[PDB]
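# Here is the sequence, then the experimental structure:
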Amino acid sequence: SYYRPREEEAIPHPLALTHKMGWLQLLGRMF
């Protein structure tokens, strides 16, 4: 695991997915 402050889990949420999706692509575990 790693420190990432933005690291929320909510699939419906615009947490990063809509703006640029910078870290979901390397994370993959929650979505």
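Sure thing, it's come through. Numbering: from 1, shown residues only.

# List the contacts of residue 29.
Shown in contact with residue 29 (C-beta atoms under 8 Å, 6 or more residues apart in numbering): no residues. In this view, the C-beta of every residue, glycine as well, is placed from N, C-alpha and C.

# Is it correct that residue 15 is in contact with residue 8?
Yes: with contact defined as C-beta atoms under 8 Å, residue 15 reaches residue 8; the gap is 4.5 Å.

# Settle it for me: which of these two has more neighbours?
Looking at residue 15 and residue 8 with other C-beta atoms under 10 Å, you find the greater number of neighbours at residue 15, namely 18 against 10.

# From residue 1, how far off is the residue sitting nearest the centre point of the chain?
Residue closest to the average C-alpha location in the chain (C-alpha atoms, centre = their mean): residue 24, at 4.0 Å. Using C-beta to C-beta, to the nearest Å, residue 24 is found at 16 Å from residue 1.

# Tell me the spacing between the nearest residue to the residue nearest to the centre of the chain once chain neighbours are set aside and residue 6.
Spatial nearest neighbour of residue 24, excluding adjacent residues (C-beta to C-beta, 6 or more residues apart in numbering): residue 31 at 5.5 Å. Taking C-beta to C-beta as the measure, residue 31 falls 13 Å from residue 6.

# Compare those two (neighbour count), which wins?
residue 31 (13 against 9).

# I'd like the distance between the residue nearest to residue 24 and residue 23.
For residue 31, the distance to residue 23 - C-beta to C-beta - is 11 Å.

# do residue 17 as well
Relative to residue 23, and taking C-beta to C-beta, residue 17 is found at 10 Å.
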